[PDB]
Amino acid sequence: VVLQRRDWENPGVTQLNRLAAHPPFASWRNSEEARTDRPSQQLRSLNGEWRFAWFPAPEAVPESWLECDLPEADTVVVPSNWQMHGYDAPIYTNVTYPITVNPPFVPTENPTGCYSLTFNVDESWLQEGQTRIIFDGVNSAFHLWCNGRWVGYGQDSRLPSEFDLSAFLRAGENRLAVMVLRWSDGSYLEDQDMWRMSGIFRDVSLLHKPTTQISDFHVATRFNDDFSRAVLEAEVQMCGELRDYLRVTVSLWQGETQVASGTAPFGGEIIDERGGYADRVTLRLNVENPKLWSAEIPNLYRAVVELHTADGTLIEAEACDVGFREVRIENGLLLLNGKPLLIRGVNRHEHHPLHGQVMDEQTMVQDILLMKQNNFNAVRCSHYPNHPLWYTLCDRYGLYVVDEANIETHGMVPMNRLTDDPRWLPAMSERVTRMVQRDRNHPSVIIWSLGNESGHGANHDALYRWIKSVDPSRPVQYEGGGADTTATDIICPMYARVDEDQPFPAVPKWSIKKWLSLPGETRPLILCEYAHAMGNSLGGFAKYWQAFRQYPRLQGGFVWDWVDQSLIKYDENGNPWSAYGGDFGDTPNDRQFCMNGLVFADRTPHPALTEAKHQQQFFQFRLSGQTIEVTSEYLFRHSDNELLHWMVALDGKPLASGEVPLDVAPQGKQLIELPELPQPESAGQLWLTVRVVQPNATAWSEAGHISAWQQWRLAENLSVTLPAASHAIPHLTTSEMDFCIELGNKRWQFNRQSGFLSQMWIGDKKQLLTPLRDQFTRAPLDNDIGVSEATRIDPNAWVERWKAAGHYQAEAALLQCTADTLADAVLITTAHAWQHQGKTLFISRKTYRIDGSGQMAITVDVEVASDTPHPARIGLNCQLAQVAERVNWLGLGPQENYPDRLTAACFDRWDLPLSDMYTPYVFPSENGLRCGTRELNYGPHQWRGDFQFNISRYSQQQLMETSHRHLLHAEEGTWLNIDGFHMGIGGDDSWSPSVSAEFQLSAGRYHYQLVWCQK
Amino acid sequence: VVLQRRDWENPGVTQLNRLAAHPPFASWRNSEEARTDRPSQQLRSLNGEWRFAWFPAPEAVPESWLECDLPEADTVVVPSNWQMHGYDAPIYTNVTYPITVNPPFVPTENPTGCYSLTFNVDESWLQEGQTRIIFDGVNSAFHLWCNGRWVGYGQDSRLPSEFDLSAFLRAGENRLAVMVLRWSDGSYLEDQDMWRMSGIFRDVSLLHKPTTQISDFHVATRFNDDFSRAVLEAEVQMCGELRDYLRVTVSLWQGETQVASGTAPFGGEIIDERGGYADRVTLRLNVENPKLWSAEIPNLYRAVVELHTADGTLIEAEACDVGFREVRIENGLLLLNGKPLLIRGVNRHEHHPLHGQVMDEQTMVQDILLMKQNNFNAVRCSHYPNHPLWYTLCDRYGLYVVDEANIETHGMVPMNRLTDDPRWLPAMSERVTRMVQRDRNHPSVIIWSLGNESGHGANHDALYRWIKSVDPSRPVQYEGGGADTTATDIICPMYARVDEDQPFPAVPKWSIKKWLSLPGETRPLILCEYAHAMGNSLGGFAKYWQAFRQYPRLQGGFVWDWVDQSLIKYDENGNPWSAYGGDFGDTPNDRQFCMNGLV
Ligand SMILES: OC[C@H]1NC[C@H](O)[C@@H](O)[C@H]1O
Ligand SMILES: OC[C@H]1NC[C@H](O)[C@@H](O)[C@H]1O
Ligand SMILES: [Mg+2]
Ligand SMILES: [Mg+2]
């Protein structure tokens, strides 16, 4: 009968015998237990060891399995995904569906997981009341049997399914059987860009309720004009037999103090011509001076709802956390508690590198702490409802949540083929209505979303209107169909740029400043995705934050995204390594496109995370003379856990220091006057640095946490002292093959055929393994490669333009190599031309001046053909012979920084182990650059100038040829790249050229100089 | 397997294997035939004599009935209601449901009608193409078998159900079996004040289409400021295999004269980031000085849609009647073709004293003539979609139509118990979406209605918005929940008085002059029911007509109602007499309250 109906290939059947959706219940039988949130005896977990067998299709499952255990089944932990235990491969695909597109049919080869559990039920559970089983998430569809008898069917992987088991359970031993299908007609609605996995991946519980029970309750808060008086409105519904003696009490607690209370019999007000709801009641509770909930100060109350008799015998209690806050759109602005929000948001997927899509408390808490420590206030549930514990932790720690329906049909052509079709309106409505019914009581949820990337169809407008009518208290947003349709209260583009338009047919992406002012437009604009964090990325991030602060109706956005979705594999020696699409034999697949996070899958930060922290800070600073103005960007809190540290330094050396407490009202200013600063004798630039420190621990941070910082140049004294005249003169030797210069124990050799410095000796120890040569290329970054789908190549991507022009293959030809003795120096002059099939790309003219002090001054002038694509860099590289433990530099740091991502970095003297100067991105690329550098020390060498550098054990050629970080091997010696100039990295998106014109090397002529000496 | 699933007690299953809804098709294989509206060889009627047996429940039907005819079955005419042949009693109840209210369950004693037909299919129908069966209305739910094999299931009594029979038919003799249930979970949505009857009560047809076919088409008309230039916009969709040589032509005819024409290959404009519809095409035809449709002068054109090859071989044609008119609400007034309407309307049920709820051409024509001879210009389909011929006759003779979804839950307490519940949103959406997809091309339909007497729930606001988005060309109205909710473009009270207020709790009936001017109110007001014509009645009628003429935003209303719903019984001498509720042993019942007509 079950394989006869094939309910998984039928969009009109989304469930059989499933109970209504409701807020989370524990059925306490004691009000004190409910108030203090203690564990309930009536709610029993079935997590643990279950039996499991895998089958290639549902027709291959033996009939005996319903009756009793299969001999060849294994013991496995629930919750889990079965791909993580090795039964079949996880599939990573972005847009293309992982099955043939033939809606609503799915392949006959439909992998099937059979789970089963034997468990004991207590005798008191069968005498009276209702027993239900709850599956918090099953992917993608399943049938359930209890003691051999069929119970029901469910679809939608991301919301709980509940079934009544009262008529199926017996005293003693019981057996559940659950058959889970990988594919169903629900799969057409679940095309998110993520690993496709399956199984029972969220918790399983039994819940015991009495026959007369609370079946639903809703909480709402209404305010006066100044938020000094609130009304809590609770609506309660019951199921079972109505009696005259039944009563409902709602009490409101703040800690241990009862703050409000109300009691009533059942019976709503008249609703229409036929009467009202006999089985419902509304309580109104007045609260004076309520403490308001926000992400800055997450004040919660506890509401307890009791069903009891008139004589006062308790039947059951339920409870939730309540926050008083009002969200609304007024005159084009999104307001919380009367103030305009600025969203510092990120998109987050539920992902764990060992457990796949199984989430636990420990990982959720780790994410929330790291988010708040980096100045995030908001999270977008991309793109499905989360584990129910997630919303509780966002209520307690304080994050705003955007809660999103599990609907994405990206792989359809056109994108709205299903969402414009009335036969799929039933399936889509279950995904939205059940999410709102589960989550409507959480204060942290402030916006509902209709899904992601499904075009714009009439089913979207209908569901938009359904939510506005059942829940008027939250705005609704939807990005599909060009980001400003009639199904959204907020304009919510993805990857729109700050200043540049992208005029695509039908769905243009205006620049964000222009979009606000299109004729007729009045809504606020919040980007649902911006700043694609794929690999070495977030260039141009500061330009979004400058716009968000200047324009009132630009209210921020959600970065894409929090955590890299990589998985762990083991090699032959059992060493773990990070894997991406294609590494499991999954095909077709979309390769590294699954790794887009600010943090690695193990929750270690990428260098871009510090850039986000700095642009999102809650204190802004200005300097005028000796005065710092501090401006608070808090909306609700006074700065009561904040002190300002300032320091004045001269080229790294500290000169003066101090601290000042911060006493600044929300949205206010404070002026801090600095002491008379010292006048130093010596040459150099003075630097002032301020940092805001939190002296006391919070729920989310340690004592000493740095929350904000800023650096300025003060007075500069230029150096007018001429170098001391030495008595030694460098000696020049000319052979046919070489110029050699000697001075003491030091020796330099220049090859007369190649025209480069080929060797240096200190004593009799060689210093180079490779000559010092010009470099114009970089191992390309993900933003340079410019691919979102592995099958589709963009000929406008930087890496395509550089390969076509021959930048990676260009050969140096020598034009000139000459040597001359001056009075106190030897001068070497060289010129080279880089050519590819007749065309000259670059010319480089160089002088080397070696004086009596030992210092070698290098001067470089480069010309770049105006019709070649602009180069990625202009500098020198070589392979040094020695490996040292430390790197010491005077310049921006201490983390990796690039010309379009250097606002977070500070000028100072930095000292790190060599291994910290390499960023281990899983897909290897150019990495580890430090800009604005004046001095670099490594072993005996010192370089001085005004340059960017990177230093490591991997060549640019090795990083370009290697697809995975675990396959890189350290080379002999150390590779040094020293650049006079370096292109930006981009990252407005990663599938089209995104470097802004002010970060391209387009000048045509370039000059820089270095001194190389031995300290 | 069929009595194991019990699909009739489950609001989440409204159909199995039913094809998509679409405007009426005849599949002509010749453009001239399509233009002149001649009978199609590809559309075959199965009306006539069928076999029929009655059973007290679905579990009492013998298994043999699927294979072959029962000996104790009778010969009966289809279409019919089985209560009119004496198999059980018709029930007249106004508000109270005729079953125990226990949604979604129905009684186990669920009278069951088993119909069957033996018929011949021509050999050319099985070689190529698709063959479908169409039931225009079955009350209330049914399973269908062909040659012993289960085909599908449908609910909603008032809209067509279609099933593909290509894989089930054989050459020579075929047998259909249809098992019809009186009660289903669909009955909770069908609580209209009328006789409760059952059976196959509208036509049954076979339709033959080619494998590559026109699957849907829509017609829309846009105008300049003075109605001197129009654009006819036709959207056409196909099913089957896309080829480069396929083309669509739309021509527009006024009598014998071709007036406009356009041709194109398949391929819509870009819609979004993934492209456009490869299997759709939009033609735009310009028309100068079009003759405008109205109820006073019902000027029609004929649109012919041909699917053909580039060399000009015709694959199939479809056609409809087109009227050029614009309906809109502007500054609080309902305008047709730029002028403010005054609705002289009546509510009409499909009722015949001998045949029950079976409608025929002759009775429809008799009603329309009497309506127009008595100065009516408008009719409200109370409270369900009509027989498809009704809309064609209102196009040709000139009446405005309000077309209403088959949803009424009057007997619930409170009235919005189902329509405020998201688990019934699937069932309700099928009733609205399939009606709009069937009727959107008729010029006579000028307003959509969401149903009748179902309170006001969130399912109403969602469906209101669904229609405004798929069909912006007609206003939407809904009376429930106090007549002026967010689910209506028109204030549409029932039985509000001219000068006197009726201040009921939650749902007051203001007098109509006062309602127009409540702070914030800007919509026009048209009474969806007024002046109850029960017996010796219509006193005070002149006072409504005086108000309608004096106030611009009072634009008329629909009288309740056209025809008395009485039935014929026979005495001992065989003399016919008119019967009302209770005269068939039906109990409980609401007595003479079923007779409310002007005729
Ligand atoms: O990584 C690209 C990014 N683009 C937009 C989508 O919403 C995300 O799921 C993701 O696919
Ligand atoms: O005859 C009373 C009348 N009242 C209003 C209803 O809509 C009609 O169906 C009818 O019941
Ligand atoms: Mg996508
Ligand atoms: Mg009624």
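Just so we're on the same page: letters track the sequence lines, and every chain starts at 1. For the numbers below, each heavy atom of this structure counts, side chains included, while hydrogens, waters and symmetry mates do not.
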Portion of [X] that has a non-hydrogen atom of chain A nearer than 4.5 angstrom:
{"X": "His410(B)", "answer": "both"}
{"X": "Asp471(B)", "answer": "neither"}
{"X": "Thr14(B)", "answer": "neither"}
{"X": "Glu430(B)", "answer": "neither"}
{"X": "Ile270(B)", "answer": "both"}
{"X": "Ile467(B)", "answer": "neither"}

Quiz item: Given the options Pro505(A), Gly481(A), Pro422(A), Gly482(A), which has more heavy-atom pairs under 4.5 Å with chain B than any of the others?
Solution: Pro422(A)
Practice problem: Look at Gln437(A), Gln4(A), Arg5(A) and state which one has the largest set of heavy-atom pairs under 4.5 Å with chain B. | Solution: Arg5(A)
Min side-chain heavy-atom separation [X]-[Y] under 4.5 Å:
{"X": "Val413(A)", "Y": "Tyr277(B)", "result": "no"}
{"X": "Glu453(B)", "Y": "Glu273(A)", "result": "no"}
{"X": "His456(A)", "Y": "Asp272(B)", "result": "no"}
{"X": "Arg274(A)", "Y": "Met412(B)", "result": "no"}
{"X": "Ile271(A)", "Y": "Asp420(B)", "result": "no"}

Could you tell me which of [options] has the largest number of non-hydrogen atom pairs under 4.5 Å with chain A?
{"options": "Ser469(B), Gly480(B), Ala278(B)", "result": "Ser469(B)"}
{"options": "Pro426(B), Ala462(B), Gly455(B)", "result": "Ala462(B)"}
{"options": "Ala21(B), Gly275(B), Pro414(B)", "result": "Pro414(B)"}
{"options": "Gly12(B), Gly268(B), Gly411(B), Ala427(B)", "result": "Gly411(B)"}
{"options": "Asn459(B), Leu463(B), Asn416(B)", "result": "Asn416(B)"}

Quiz item: Under 3.5 Å, side chain of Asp461(A) to main-chain N/O of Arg465(B), donor-acceptor pair present?
Solution: no
Practice problem: Would you name the heavy atoms of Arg18(A) and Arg423(B) that are closest together and state the gap between them? | Solution: O-NH2, 2.8 Å
Quiz item: Under a 4.0 Å N-O cut-off, is there an ion pair linking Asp279(A) with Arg417(B)?
Solution: yes
